[PDB]
Structures are given as structure tokens and as C-alpha cells.
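Derivation of every value follows stated rules applied to the coordinates shown; laboratory data play no part. Cβ: placed from backbone, ideal geometry, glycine included. Neighbour counts: every protein chain shown.
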């Protein structure tokens, strides 16, 4: 019963190659409905299906799935994911299509499906701890870029 899947494919933590435009030419992309940075604050784990309670930090691209400055998002997926692992306390960037909607009364809502399309990139919470500080130089440019400039 050994299964393998890229699930919510992730990216490198620190690698000099991704410029500020790399997170834009794909941000304004139709396949992408939203482009904001959030942070993990709570994680849920069940028998097989698990969820992730995280707060939105800032939105660079409005989300079709009810996206607002500092909201309440929850990512759900199967434990069969052997390529994605979120940490409680760290920050992660997300740029992708909206989430499925089922909200009818309370037993339903949005709960992101968490797939490989969901462009996720670990954002080093610290800048002076790894003695590196290099990939965080191009990210700062995109911050005021999409906000001001924008596609």
C-alpha cells in the first residue's frame, strides 16, 4: 500500500534564480485567482484528512474565494502528500486559482483543496539567522511592485 504523489508541490527555501518578475508573470496569470502571503498559526490532524488554520497577512491580488486583508483561510488535504509539509509559526506565499465553495449553512464553507497548482513558497520568517539573506532581496522588490506597479 505504498503510494506517492507530489500533492501540493513545494519550492526551494533559498535559491538564487527566482526574480521578482517570476512571481508576477505567473501571478497575473488567469490560472491564478489570488496572490497573497499568509502565516501558519494552527494545524489540524485527523485519521486521514487534515486541515490547516492560517491567517492572511496581506493580499496583493484579490481572491475570488472571499479574500480580504488578514482573513481566515483553511487548507485541507490527504495525508498521502509526500511533498508538502507546512510548519506552525512559519510564513508561506500563495498564488493560485480560487477555492471550491459549498457553504450552505455551517457544515460547509470553502476549505481549500490544496493541490499542486497552488503556487506555494516558504517565506523565511527571519532575514538574519541563516547568515544568507539573498532570496529575500528579490521578494522585497515584488512587495511594492504588485502593490503599486501591478500587471
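In Å and on Cα atoms, what radius of gyration and Dmax does the stretch 24-101 show?
Just the Cα atoms of the stretch 24-101 yield Rg and Dmax of 12.8, 39 Å.
May I ask you to sort 97, 88 by Cβ crowding, counting other Cβ atoms within 10 Å and putting the fewest first?
Fewest-to-most Cβ neighbours within 10 Å comes out as 88, 97.
Return the whole-Å distance between the Cα centroid of the stretch 79-124 and the Cα centroid of the stretch 130-151.
Going from one Cα centre to the other spans 22 Å.
Give me the base-10 log of I(q)/I(0) for the chain at each q in 0.09, 0.12, 0.19 Å⁻¹, Debye formula, one uniform scatterer per Cα, rounded to two decimals.
-0.29, -0.52, -1.29
Test of understanding: ordering 23, 109, 125 by Cβ neighbours within 10 Å, fewest first, what list do you get?
125, 109, 23
Over the Cα atoms, compute the radius of gyration (one decimal) and Dmax (the largest Cα-Cα distance, rounded to a whole number) for the stretch 91-149, in Å.
Looking at the stretch 91-149, its Cα Rg and Dmax stand at 16.3, 50 Å.
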